[PDB]
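Engineer: part one of the complex, left exactly where it sits:
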Amino acid sequence: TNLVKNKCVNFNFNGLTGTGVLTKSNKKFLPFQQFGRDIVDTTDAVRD
């Protein structure tokens, strides 16, 4: 399904399910890692 940003939607990124608002990030990920987590181990960033 097409990507929608700046809107509360139910997302599913390659099996990673959840709900939240998708925005453009300034985080420089590495090619092998896909999604990011904060100190409390919650998903705060993903890759398309």
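Structural biologist: Everything's here; your move. Numbers count the residues shown, from 1 in each chain, chains lettered A, B, ... in the order given.

Engineer: And the strands in chain A?
Structural biologist: A:8-13, A:16-21, A:36-37, A:43-45 (DSSP state E).

Engineer: Just tell me which of these ends up closest to residue A:1.
Structural biologist: strand A:8-13 (8.5 Å; C-beta to C-beta). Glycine gets a C-beta too; all of them are placed from N, C-alpha and C.

Engineer: which strands and helices sit next to that closest one?
Structural biologist: strand A:16-21 (3 or more C-beta pairs under 8 Å, 6 or more residues apart in numbering; DSSP states H and E).

Engineer: Would you mark the buried spots in the strand it packs on?
Structural biologist: Going by neighbour count (16 or more other C-beta atoms under 10 Å), nothing in strand A:16-21 comes out as buried.

Engineer: List of residues touching it?
Structural biologist: A:5-11, A:35, A:43, A:46 (C-beta atoms under 8 Å, 6 or more residues apart in numbering).

Engineer: and residue A:22, backbone torsions?
Structural biologist: Main-chain dihedrals, residue A:22, degrees, to the nearest 10: phi -100, psi 130.

Engineer: extra chain here, label it chain B:
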Amino acid sequence: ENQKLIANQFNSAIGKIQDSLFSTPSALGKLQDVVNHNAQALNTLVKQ
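Structural biologist: So that you can see how it sits with the rest, here is chain B on the chains above:
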């Protein structure tokens, strides 16, 4: 009869108070410990 001396001593003590707090970081340990305890309790609750 010692008004000027007492005033100078009070001014010097007030001036040294700032040094005893700007140089010593563990002087405010109580408030920092309270904040850290609250934050750590929240982090433990969200990590559970």
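
Engineer: Re-run the earlier check on what packs on strand A:8-13 with chain B in the model.
Structural biologist: Here strand A:8-13 touches strand A:16-21, going by 3 or more C-beta pairs under 8 Å, 6 or more residues apart in numbering or on different chains; DSSP states H and E.

Engineer: Partner strands of the strand it packs on and their direction?
Structural biologist: strand A:8-13 (antiparallel) (DSSP bridges).

Engineer: Can you list the buried residues in the partner strand?
Structural biologist: The neighbour-count check on strand A:8-13 (16 or more other C-beta atoms under 10 Å in any protein chain shown) flags residue A:11 as buried.

Engineer: centre of the chain versus that strand, how much separation?
Structural biologist: 9 Å (C-alpha atoms, centre = their mean, to the nearest Å).

Engineer: for chain B, what spans make up the helices?
Structural biologist: B:3-22, B:29-47 (DSSP state H).

Engineer: now those helices in CSV, with mean neighbour count and distance to residue A:24?
Structural biologist: Shown next, in CSV, are the helices of chain B (neighbours: other C-beta atoms under 10 Å in any protein chain shown; distance: least, C-beta to C-beta, whole Å):
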stretch, mean neighbour count, distance to residue A:24
helix B:3-22, 10, 41
helix B:29-47, 10, 26
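
Engineer: mind checking which of those is nearest residue A:28?
Structural biologist: Per C-beta to C-beta, nearest to residue A:28 of those: helix B:29-47, 25.8 Å.
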